[PDB]
$ cat final.cif   # mmCIF, N, CA and C atoms
data_work
#
loop_
_atom_site.label_atom_id
_atom_site.label_comp_id
_atom_site.auth_asym_id
_atom_site.auth_seq_id
_atom_site.Cartn_x
_atom_site.Cartn_y
_atom_site.Cartn_z
N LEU A 7 -5.75 -12.84 8.58
CA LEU A 7 -4.97 -12.51 7.31
C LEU A 7 -3.59 -13.14 7.35
N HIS A 8 -3.09 -13.55 6.19
CA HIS A 8 -1.75 -14.08 6.14
C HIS A 8 -0.96 -13.42 5.06
N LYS A 9 0.30 -13.25 5.42
CA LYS A 9 1.33 -12.74 4.55
C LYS A 9 1.83 -13.82 3.58
N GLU A 10 1.83 -13.55 2.28
CA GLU A 10 2.37 -14.51 1.33
C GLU A 10 3.52 -13.93 0.60
N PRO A 11 4.42 -14.79 0.13
CA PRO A 11 5.60 -14.26 -0.52
C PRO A 11 5.34 -13.73 -1.91
N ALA A 12 6.11 -12.75 -2.31
CA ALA A 12 6.07 -12.24 -3.70
C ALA A 12 7.47 -11.77 -4.16
N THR A 13 7.69 -11.60 -5.45
CA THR A 13 8.97 -11.08 -5.97
C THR A 13 8.67 -9.78 -6.74
N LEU A 14 9.43 -8.71 -6.51
CA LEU A 14 9.30 -7.50 -7.34
C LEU A 14 9.54 -7.80 -8.83
N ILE A 15 8.64 -7.35 -9.68
CA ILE A 15 8.90 -7.25 -11.09
C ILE A 15 9.25 -5.81 -11.40
N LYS A 16 8.42 -4.86 -11.01
CA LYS A 16 8.77 -3.47 -11.20
C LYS A 16 7.86 -2.53 -10.43
N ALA A 17 8.46 -1.42 -10.01
CA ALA A 17 7.71 -0.31 -9.42
C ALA A 17 6.88 0.32 -10.50
N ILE A 18 5.76 0.92 -10.13
CA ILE A 18 4.88 1.57 -11.13
C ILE A 18 4.62 2.97 -10.58
N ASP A 19 3.91 3.07 -9.48
CA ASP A 19 3.69 4.40 -8.93
C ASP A 19 3.56 4.33 -7.44
N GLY A 20 3.23 5.43 -6.78
CA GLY A 20 3.18 5.49 -5.31
C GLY A 20 2.33 4.40 -4.69
N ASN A 21 1.24 4.04 -5.35
CA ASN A 21 0.35 2.99 -4.77
C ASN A 21 0.08 1.84 -5.72
N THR A 22 0.97 1.61 -6.69
CA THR A 22 0.80 0.51 -7.64
C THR A 22 2.16 -0.14 -7.84
N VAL A 23 2.24 -1.47 -7.78
CA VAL A 23 3.52 -2.19 -8.03
C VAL A 23 3.26 -3.45 -8.79
N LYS A 24 4.23 -3.86 -9.61
CA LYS A 24 4.06 -5.11 -10.36
C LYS A 24 4.87 -6.23 -9.70
N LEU A 25 4.18 -7.29 -9.23
CA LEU A 25 4.85 -8.38 -8.56
C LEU A 25 4.68 -9.74 -9.24
N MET A 26 5.65 -10.62 -9.03
CA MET A 26 5.43 -12.01 -9.44
C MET A 26 4.80 -12.67 -8.24
N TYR A 27 3.54 -13.11 -8.38
CA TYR A 27 2.82 -13.68 -7.25
C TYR A 27 2.29 -15.06 -7.69
N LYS A 28 2.63 -16.09 -6.92
CA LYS A 28 2.57 -17.50 -7.33
C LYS A 28 2.80 -17.75 -8.82
N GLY A 29 3.92 -17.26 -9.34
CA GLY A 29 4.41 -17.66 -10.68
C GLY A 29 3.79 -16.86 -11.80
N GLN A 30 2.88 -15.96 -11.46
CA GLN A 30 2.37 -15.03 -12.47
C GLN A 30 2.54 -13.57 -12.11
N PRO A 31 2.94 -12.77 -13.13
CA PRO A 31 3.00 -11.30 -13.02
C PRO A 31 1.61 -10.77 -12.65
N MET A 32 1.52 -9.84 -11.71
CA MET A 32 0.26 -9.24 -11.34
C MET A 32 0.58 -7.82 -10.91
N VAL A 33 -0.22 -6.87 -11.34
CA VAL A 33 -0.26 -5.54 -10.75
C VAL A 33 -1.08 -5.53 -9.45
N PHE A 34 -0.50 -4.96 -8.38
CA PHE A 34 -1.13 -4.82 -7.08
C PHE A 34 -1.34 -3.35 -6.82
N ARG A 35 -2.55 -3.04 -6.42
CA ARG A 35 -2.92 -1.71 -5.98
C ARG A 35 -2.93 -1.78 -4.43
N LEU A 36 -2.11 -0.94 -3.79
CA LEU A 36 -2.07 -0.85 -2.31
C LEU A 36 -3.38 -0.47 -1.70
N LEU A 37 -3.95 -1.36 -0.87
CA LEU A 37 -5.23 -1.03 -0.27
C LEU A 37 -5.18 0.27 0.55
N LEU A 38 -6.28 1.04 0.48
CA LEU A 38 -6.60 2.04 1.50
C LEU A 38 -5.74 3.29 1.36
N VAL A 39 -4.96 3.37 0.28
CA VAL A 39 -4.03 4.48 0.06
C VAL A 39 -4.45 5.32 -1.13
N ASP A 40 -4.65 6.62 -0.94
CA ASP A 40 -4.92 7.58 -2.02
C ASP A 40 -3.81 8.52 -2.30
N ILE A 41 -3.46 8.71 -3.56
CA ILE A 41 -2.40 9.64 -3.83
C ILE A 41 -2.93 10.96 -4.32
N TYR A 54 2.93 15.89 -5.00
CA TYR A 54 3.43 14.74 -4.19
C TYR A 54 3.24 13.35 -4.82
N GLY A 55 2.55 13.32 -5.95
CA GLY A 55 2.59 12.19 -6.83
C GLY A 55 3.98 11.67 -7.18
N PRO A 56 4.87 12.55 -7.66
CA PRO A 56 6.17 11.96 -8.00
C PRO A 56 7.01 11.50 -6.79
N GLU A 57 6.91 12.23 -5.67
CA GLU A 57 7.61 11.81 -4.45
C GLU A 57 7.00 10.51 -3.90
N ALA A 58 5.67 10.36 -3.96
CA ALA A 58 5.08 9.02 -3.61
C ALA A 58 5.61 7.89 -4.45
N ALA A 59 5.79 8.15 -5.76
CA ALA A 59 6.26 7.08 -6.67
C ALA A 59 7.69 6.78 -6.30
N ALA A 60 8.44 7.84 -6.00
CA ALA A 60 9.88 7.68 -5.69
C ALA A 60 10.06 6.84 -4.42
N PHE A 61 9.21 7.08 -3.45
CA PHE A 61 9.34 6.48 -2.15
C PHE A 61 8.94 4.99 -2.28
N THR A 62 7.82 4.70 -2.93
CA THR A 62 7.44 3.30 -3.12
C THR A 62 8.48 2.56 -3.94
N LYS A 63 8.97 3.17 -5.03
CA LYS A 63 9.98 2.47 -5.85
C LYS A 63 11.22 2.07 -4.99
N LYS A 64 11.68 3.00 -4.16
CA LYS A 64 12.85 2.74 -3.32
C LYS A 64 12.52 1.63 -2.31
N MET A 65 11.31 1.72 -1.76
CA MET A 65 10.91 0.76 -0.78
C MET A 65 10.98 -0.66 -1.34
N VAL A 66 10.37 -0.90 -2.51
CA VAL A 66 10.31 -2.30 -2.98
C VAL A 66 11.64 -2.73 -3.61
N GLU A 67 12.32 -1.80 -4.31
CA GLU A 67 13.59 -2.11 -4.97
C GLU A 67 14.66 -2.43 -3.97
N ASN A 68 14.61 -1.82 -2.78
CA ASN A 68 15.70 -2.03 -1.79
C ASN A 68 15.38 -3.16 -0.81
N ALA A 69 14.19 -3.72 -0.93
CA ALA A 69 13.73 -4.70 0.02
C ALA A 69 14.46 -5.99 -0.29
N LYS A 70 14.76 -6.76 0.75
CA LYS A 70 15.17 -8.12 0.50
C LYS A 70 14.01 -9.11 0.49
N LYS A 71 12.85 -8.65 0.91
CA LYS A 71 11.75 -9.55 0.90
C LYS A 71 10.41 -8.81 0.80
N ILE A 72 9.59 -9.20 -0.14
CA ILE A 72 8.26 -8.57 -0.34
C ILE A 72 7.16 -9.59 -0.11
N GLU A 73 6.10 -9.18 0.57
CA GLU A 73 4.97 -10.02 0.92
C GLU A 73 3.69 -9.30 0.56
N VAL A 74 2.72 -10.09 0.12
CA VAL A 74 1.41 -9.56 -0.14
C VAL A 74 0.45 -10.14 0.92
N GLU A 75 -0.47 -9.31 1.35
CA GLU A 75 -1.43 -9.71 2.35
C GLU A 75 -2.76 -9.20 1.82
N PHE A 76 -3.56 -10.13 1.28
CA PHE A 76 -4.99 -9.84 0.99
C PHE A 76 -5.77 -9.54 2.23
N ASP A 77 -6.79 -8.71 2.06
CA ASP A 77 -7.69 -8.42 3.15
C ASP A 77 -8.79 -9.51 3.12
N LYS A 78 -9.95 -9.21 3.69
CA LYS A 78 -10.96 -10.22 3.94
C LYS A 78 -12.02 -10.20 2.88
N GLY A 79 -12.05 -9.17 2.02
CA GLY A 79 -13.06 -9.12 0.95
C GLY A 79 -12.50 -9.43 -0.44
N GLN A 80 -12.97 -8.69 -1.44
CA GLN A 80 -12.60 -8.99 -2.80
C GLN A 80 -11.07 -8.79 -2.94
N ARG A 81 -10.43 -9.60 -3.78
CA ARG A 81 -8.96 -9.65 -3.92
C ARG A 81 -8.46 -8.93 -5.16
N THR A 82 -9.38 -8.58 -6.05
CA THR A 82 -9.01 -7.91 -7.28
C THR A 82 -10.02 -6.86 -7.55
N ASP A 83 -9.61 -5.77 -8.21
CA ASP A 83 -10.58 -4.76 -8.64
C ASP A 83 -11.09 -5.07 -10.02
N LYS A 84 -12.02 -4.25 -10.49
CA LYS A 84 -12.61 -4.38 -11.84
C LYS A 84 -11.55 -4.34 -12.95
N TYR A 85 -10.43 -3.72 -12.65
CA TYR A 85 -9.33 -3.66 -13.57
C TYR A 85 -8.42 -4.82 -13.49
N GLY A 86 -8.71 -5.84 -12.67
CA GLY A 86 -7.83 -6.97 -12.56
C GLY A 86 -6.61 -6.75 -11.67
N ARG A 87 -6.51 -5.60 -11.02
CA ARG A 87 -5.39 -5.42 -10.02
C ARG A 87 -5.69 -6.10 -8.70
N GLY A 88 -4.65 -6.77 -8.19
CA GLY A 88 -4.64 -7.29 -6.84
C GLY A 88 -4.83 -6.17 -5.84
N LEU A 89 -5.55 -6.43 -4.77
CA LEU A 89 -5.88 -5.42 -3.77
C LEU A 89 -5.30 -5.95 -2.51
N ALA A 90 -4.19 -5.37 -2.05
CA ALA A 90 -3.48 -5.96 -0.90
C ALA A 90 -2.67 -4.95 -0.09
N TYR A 91 -2.24 -5.37 1.10
CA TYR A 91 -1.22 -4.67 1.88
C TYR A 91 0.11 -5.29 1.47
N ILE A 92 1.05 -4.45 1.04
CA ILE A 92 2.31 -4.96 0.49
C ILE A 92 3.33 -4.68 1.59
N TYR A 93 4.12 -5.71 1.94
CA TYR A 93 5.14 -5.51 2.99
C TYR A 93 6.52 -5.61 2.38
N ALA A 94 7.46 -4.76 2.84
CA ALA A 94 8.82 -4.84 2.40
C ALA A 94 9.69 -4.93 3.66
N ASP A 95 10.39 -6.04 3.75
CA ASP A 95 11.16 -6.36 4.93
C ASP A 95 10.32 -6.29 6.18
N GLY A 96 9.13 -6.87 6.13
CA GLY A 96 8.27 -6.84 7.31
C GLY A 96 7.52 -5.54 7.50
N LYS A 97 7.83 -4.48 6.75
CA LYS A 97 7.23 -3.20 7.06
C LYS A 97 6.12 -2.97 6.02
N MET A 98 4.94 -2.59 6.50
CA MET A 98 3.82 -2.42 5.58
C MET A 98 4.03 -1.15 4.76
N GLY A 99 4.10 -1.32 3.44
CA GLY A 99 4.25 -0.20 2.52
C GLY A 99 3.10 0.79 2.55
N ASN A 100 1.86 0.28 2.68
CA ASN A 100 0.69 1.18 2.73
C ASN A 100 0.74 2.16 3.90
N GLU A 101 1.11 1.66 5.09
CA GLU A 101 1.29 2.50 6.23
C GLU A 101 2.47 3.50 6.10
N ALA A 102 3.63 3.02 5.61
CA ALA A 102 4.83 3.87 5.52
C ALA A 102 4.52 5.09 4.64
N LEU A 103 3.81 4.88 3.52
CA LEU A 103 3.34 6.03 2.69
C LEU A 103 2.56 7.07 3.41
N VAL A 104 1.54 6.62 4.13
CA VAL A 104 0.66 7.49 4.83
C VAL A 104 1.46 8.21 5.94
N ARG A 105 2.22 7.42 6.68
CA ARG A 105 3.12 7.93 7.77
C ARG A 105 4.04 9.06 7.32
N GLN A 106 4.65 8.89 6.15
CA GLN A 106 5.43 9.91 5.46
C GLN A 106 4.62 11.14 4.93
N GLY A 107 3.30 11.14 5.14
CA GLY A 107 2.43 12.16 4.53
C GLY A 107 2.53 12.17 3.01
N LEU A 108 2.76 11.01 2.40
CA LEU A 108 2.79 10.98 0.92
C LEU A 108 1.50 10.38 0.30
N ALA A 109 0.60 9.93 1.14
CA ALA A 109 -0.71 9.55 0.69
C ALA A 109 -1.70 9.71 1.83
N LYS A 110 -2.99 9.84 1.45
CA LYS A 110 -4.13 9.87 2.37
C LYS A 110 -4.79 8.49 2.51
N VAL A 111 -5.39 8.23 3.65
CA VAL A 111 -6.21 7.04 3.75
C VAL A 111 -7.44 7.19 2.82
N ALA A 112 -7.64 6.22 1.94
CA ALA A 112 -8.74 6.28 0.95
C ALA A 112 -10.04 5.84 1.62
N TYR A 113 -11.16 5.92 0.89
CA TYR A 113 -12.40 5.23 1.29
C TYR A 113 -12.25 3.69 1.29
N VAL A 114 -12.74 3.04 2.34
CA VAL A 114 -12.93 1.59 2.32
C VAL A 114 -13.80 1.21 1.11
N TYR A 115 -13.32 0.29 0.28
CA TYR A 115 -14.15 -0.30 -0.77
C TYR A 115 -14.29 -1.80 -0.56
N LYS A 116 -15.51 -2.25 -0.73
CA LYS A 116 -15.92 -3.63 -0.60
C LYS A 116 -15.54 -4.31 0.72
N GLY A 117 -15.70 -3.65 1.87
CA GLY A 117 -15.34 -4.30 3.14
C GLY A 117 -13.85 -4.69 3.36
N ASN A 118 -12.91 -4.15 2.57
CA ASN A 118 -11.46 -4.40 2.86
C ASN A 118 -10.91 -3.27 3.75
N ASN A 119 -11.12 -3.38 5.05
CA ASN A 119 -10.79 -2.29 5.96
C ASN A 119 -10.03 -2.76 7.18
N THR A 120 -9.42 -3.94 7.15
CA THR A 120 -8.86 -4.45 8.40
C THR A 120 -7.80 -3.52 9.00
N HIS A 121 -6.92 -2.96 8.17
CA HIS A 121 -5.93 -2.04 8.68
C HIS A 121 -6.34 -0.60 8.60
N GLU A 122 -7.63 -0.31 8.39
CA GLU A 122 -8.06 1.09 8.24
C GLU A 122 -7.67 2.00 9.43
N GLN A 123 -7.90 1.54 10.66
CA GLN A 123 -7.70 2.40 11.84
C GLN A 123 -6.26 2.64 12.04
N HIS A 124 -5.45 1.59 11.87
CA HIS A 124 -3.99 1.70 11.90
C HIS A 124 -3.44 2.76 10.98
N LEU A 125 -3.95 2.80 9.74
CA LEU A 125 -3.55 3.80 8.80
C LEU A 125 -4.11 5.17 9.12
N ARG A 126 -5.34 5.24 9.63
CA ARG A 126 -5.81 6.54 10.12
C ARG A 126 -4.92 7.10 11.22
N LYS A 127 -4.41 6.25 12.11
CA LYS A 127 -3.49 6.68 13.17
C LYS A 127 -2.16 7.20 12.59
N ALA A 128 -1.68 6.56 11.51
CA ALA A 128 -0.43 6.97 10.86
C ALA A 128 -0.67 8.31 10.17
N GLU A 129 -1.86 8.44 9.56
CA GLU A 129 -2.25 9.67 8.88
C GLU A 129 -2.38 10.88 9.84
N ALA A 130 -3.08 10.73 10.96
CA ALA A 130 -3.16 11.86 11.92
C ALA A 130 -1.76 12.33 12.39
N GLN A 131 -0.84 11.40 12.57
CA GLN A 131 0.53 11.77 13.01
C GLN A 131 1.26 12.55 11.91
N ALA A 132 1.08 12.17 10.63
CA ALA A 132 1.72 12.86 9.54
C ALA A 132 1.08 14.23 9.54
N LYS A 133 -0.23 14.25 9.77
CA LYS A 133 -0.93 15.50 9.75
C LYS A 133 -0.46 16.44 10.89
N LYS A 134 -0.28 15.90 12.10
CA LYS A 134 0.23 16.66 13.26
C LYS A 134 1.66 17.21 12.99
N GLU A 135 2.50 16.39 12.36
CA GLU A 135 3.85 16.78 11.92
C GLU A 135 3.80 17.66 10.65
N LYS A 136 2.59 17.93 10.17
CA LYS A 136 2.42 18.75 8.91
C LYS A 136 3.42 18.33 7.85
N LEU A 137 3.57 17.01 7.68
CA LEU A 137 4.49 16.41 6.75
C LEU A 137 3.88 16.31 5.34
N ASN A 138 4.67 16.78 4.35
CA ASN A 138 4.47 16.54 2.92
C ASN A 138 3.10 17.03 2.44
N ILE A 139 2.15 16.16 2.06
CA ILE A 139 0.81 16.68 1.65
C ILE A 139 0.13 17.49 2.79
N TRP A 140 0.51 17.24 4.05
CA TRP A 140 0.00 18.05 5.18
C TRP A 140 0.76 19.32 5.46
N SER A 141 1.76 19.61 4.63
CA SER A 141 2.56 20.84 4.71
C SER A 141 1.74 22.13 4.77
#
$ encode --input "final.cif" --output "structure tokens"
Amino acid sequence: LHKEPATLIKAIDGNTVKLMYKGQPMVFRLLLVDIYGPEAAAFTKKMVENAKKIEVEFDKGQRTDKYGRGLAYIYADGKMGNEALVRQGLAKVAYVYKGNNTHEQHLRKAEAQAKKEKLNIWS
């Protein structure tokens, strides 16, 4: 997998962001993250708005959903947004869809720790 550059257009919700990706606006849905809805939106908005650099990383399977959203791991300043959400207990690891599961175990590990800390949705 490779990290590619992107520019924030606008925050949307805890697991959805609008980016300029190779010169076109695209909505990206954060892979593997299920949505504390308003706190998830708040946290993702702060994450991408305060970042000096945003990167998209497609997984190994399909790159867009039926709705035309990009399906990716979004990084802000090197830090994976999908993991930071789960780590904060602001989202659950979702079901793998279409074989895009490369970071699944990593996120399950972040999720069990949020769960052990009884953080947020694990309260």
$ closest_residue --input "final.cif" --among "A:60, A:26, A:79, A:38" --to "residue 122 (chain A)" --atoms "only N, CA and C atoms"
A:38
$ resolve_selection --input "final.cif" --expression "the PyMOL selection byres ((chain A and resi 116) around 8)" --output "short mmCIF file (atom, residue, chain, number, x, y, z; two decimals) with N, CA and C atoms, in the coordinates of the input"
data_model
loop_
_atom_site.label_atom_id
_atom_site.label_comp_id
_atom_site.auth_asym_id
_atom_site.auth_seq_id
_atom_site.Cartn_x
_atom_site.Cartn_y
_atom_site.Cartn_z
N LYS A 78 -9.95 -9.21 3.69
CA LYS A 78 -10.96 -10.22 3.94
C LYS A 78 -12.02 -10.20 2.88
N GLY A 79 -12.05 -9.17 2.02
CA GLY A 79 -13.06 -9.12 0.95
C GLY A 79 -12.50 -9.43 -0.44
N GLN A 80 -12.97 -8.69 -1.44
CA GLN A 80 -12.60 -8.99 -2.80
C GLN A 80 -11.07 -8.79 -2.94
N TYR A 113 -11.16 5.92 0.89
CA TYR A 113 -12.40 5.23 1.29
C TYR A 113 -12.25 3.69 1.29
N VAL A 114 -12.74 3.04 2.34
CA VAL A 114 -12.93 1.59 2.32
C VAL A 114 -13.80 1.21 1.11
N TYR A 115 -13.32 0.29 0.28
CA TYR A 115 -14.15 -0.30 -0.77
C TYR A 115 -14.29 -1.80 -0.56
N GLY A 117 -15.70 -3.65 1.87
CA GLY A 117 -15.34 -4.30 3.14
C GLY A 117 -13.85 -4.69 3.36
N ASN A 118 -12.91 -4.15 2.57
CA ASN A 118 -11.46 -4.40 2.86
C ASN A 118 -10.91 -3.27 3.75
N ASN A 119 -11.12 -3.38 5.05
CA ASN A 119 -10.79 -2.29 5.96
C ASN A 119 -10.03 -2.76 7.18
#
$ residues_around --input "final.cif" --residues "region 17-24 of chain A" --least-positions-apart "5" --cutoff "6 Å" --atoms "only C-alpha atoms" --output "JSON, numbers by chain"
{"A": [32, 33, 34, 35, 36, 58, 59, 62, 63]}
$ atom_distance --input "final.cif" --atom1 "CA of residue 84 (chain A)" --atom2 "CA of residue 103 (chain A)"
24.0 Å
$ residues_near_point --input "final.cif" --point "(-3.1, -8.5, -0.9)" --cutoff "6.5 Å" --atoms "all atoms listed in the file" --output "list in words"
residues 74, 75, 76, 77, 88, 89, 90, 91 and 92 of chain A
$ atom_distance --input "final.cif" --atom1 "CA of residue 87 (chain A)" --atom2 "CA of residue 27 (chain A)"
12.0 Å
$ select_by_dssp --input "final.cif" --residues "chain A" --states "alpha helix (DSSP H)" --output "number ranges by chain"
A: 55-67, 99-105, 122-134
$ write_last_selection --input "final.cif" --atoms "N, CA and C atoms" --output "short mmCIF file (atom, residue, chain, number, x, y, z; two decimals), keeping the file's coordinate frame"
data_model
loop_
_atom_site.label_atom_id
_atom_site.label_comp_id
_atom_site.auth_asym_id
_atom_site.auth_seq_id
_atom_site.Cartn_x
_atom_site.Cartn_y
_atom_site.Cartn_z
N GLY A 55 2.55 13.32 -5.95
CA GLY A 55 2.59 12.19 -6.83
C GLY A 55 3.98 11.67 -7.18
N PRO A 56 4.87 12.55 -7.66
CA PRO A 56 6.17 11.96 -8.00
C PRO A 56 7.01 11.50 -6.79
N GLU A 57 6.91 12.23 -5.67
CA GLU A 57 7.61 11.81 -4.45
C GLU A 57 7.00 10.51 -3.90
N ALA A 58 5.67 10.36 -3.96
CA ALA A 58 5.08 9.02 -3.61
C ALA A 58 5.61 7.89 -4.45
N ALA A 59 5.79 8.15 -5.76
CA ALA A 59 6.26 7.08 -6.67
C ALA A 59 7.69 6.78 -6.30
N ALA A 60 8.44 7.84 -6.00
CA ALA A 60 9.88 7.68 -5.69
C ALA A 60 10.06 6.84 -4.42
N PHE A 61 9.21 7.08 -3.45
CA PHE A 61 9.34 6.48 -2.15
C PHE A 61 8.94 4.99 -2.28
N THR A 62 7.82 4.70 -2.93
CA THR A 62 7.44 3.30 -3.12
C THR A 62 8.48 2.56 -3.94
N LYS A 63 8.97 3.17 -5.03
CA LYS A 63 9.98 2.47 -5.85
C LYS A 63 11.22 2.07 -4.99
N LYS A 64 11.68 3.00 -4.16
CA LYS A 64 12.85 2.74 -3.32
C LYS A 64 12.52 1.63 -2.31
N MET A 65 11.31 1.72 -1.76
CA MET A 65 10.91 0.76 -0.78
C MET A 65 10.98 -0.66 -1.34
N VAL A 66 10.37 -0.90 -2.51
CA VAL A 66 10.31 -2.30 -2.98
C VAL A 66 11.64 -2.73 -3.61
N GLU A 67 12.32 -1.80 -4.31
CA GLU A 67 13.59 -2.11 -4.97
C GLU A 67 14.66 -2.43 -3.97
N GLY A 99 4.10 -1.32 3.44
CA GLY A 99 4.25 -0.20 2.52
C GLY A 99 3.10 0.79 2.55
N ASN A 100 1.86 0.28 2.68
CA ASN A 100 0.69 1.18 2.73
C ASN A 100 0.74 2.16 3.90
N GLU A 101 1.11 1.66 5.09
CA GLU A 101 1.29 2.50 6.23
C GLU A 101 2.47 3.50 6.10
N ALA A 102 3.63 3.02 5.61
CA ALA A 102 4.83 3.87 5.52
C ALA A 102 4.52 5.09 4.64
N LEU A 103 3.81 4.88 3.52
CA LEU A 103 3.34 6.03 2.69
C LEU A 103 2.56 7.07 3.41
N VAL A 104 1.54 6.62 4.13
CA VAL A 104 0.66 7.49 4.83
C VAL A 104 1.46 8.21 5.94
N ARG A 105 2.22 7.42 6.68
CA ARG A 105 3.12 7.93 7.77
C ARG A 105 4.04 9.06 7.32
N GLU A 122 -7.63 -0.31 8.39
CA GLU A 122 -8.06 1.09 8.24
C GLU A 122 -7.67 2.00 9.43
N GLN A 123 -7.90 1.54 10.66
CA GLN A 123 -7.70 2.40 11.84
C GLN A 123 -6.26 2.64 12.04
N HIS A 124 -5.45 1.59 11.87
CA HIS A 124 -3.99 1.70 11.90
C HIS A 124 -3.44 2.76 10.98
N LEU A 125 -3.95 2.80 9.74
CA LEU A 125 -3.55 3.80 8.80
C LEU A 125 -4.11 5.17 9.12
N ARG A 126 -5.34 5.24 9.63
CA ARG A 126 -5.81 6.54 10.12
C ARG A 126 -4.92 7.10 11.22
N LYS A 127 -4.41 6.25 12.11
CA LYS A 127 -3.49 6.68 13.17
C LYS A 127 -2.16 7.20 12.59
N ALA A 128 -1.68 6.56 11.51
CA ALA A 128 -0.43 6.97 10.86
C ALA A 128 -0.67 8.31 10.17
N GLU A 129 -1.86 8.44 9.56
CA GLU A 129 -2.25 9.67 8.88
C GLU A 129 -2.38 10.88 9.84
N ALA A 130 -3.08 10.73 10.96
CA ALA A 130 -3.16 11.86 11.92
C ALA A 130 -1.76 12.33 12.39
N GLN A 131 -0.84 11.40 12.57
CA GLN A 131 0.53 11.77 13.01
C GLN A 131 1.26 12.55 11.91
N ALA A 132 1.08 12.17 10.63
CA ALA A 132 1.72 12.86 9.54
C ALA A 132 1.08 14.23 9.54
N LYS A 133 -0.23 14.25 9.77
CA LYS A 133 -0.93 15.50 9.75
C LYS A 133 -0.46 16.44 10.89
N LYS A 134 -0.28 15.90 12.10
CA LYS A 134 0.23 16.66 13.26
C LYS A 134 1.66 17.21 12.99
#
$ select_by_dssp --input "final.cif" --residues "region 23-85 of chain A" --states "strand (DSSP E)" --output "PyMOL selection string"
chain A and resi 23-27+30-36+39-40+72-76
$ resolve_selection --input "final.cif" --expression "the PyMOL selection byres (((chain A and resi 93 and name CA) around 9) and name CA)" --output "VMD selection string"
chain A and resid 9 66 71 to 75 91 to 92 94 to 100
$ atom_distance --input "final.cif" --atom1 "atom C of residue 29 (chain A)" --atom2 "atom N of residue 101 (chain A)"
25.2 Å
$ closest_residue --input "final.cif" --among "A:112, A:12, A:39, A:104" --to "residue 133 (chain A)" --atoms "only C-alpha atoms"
A:104
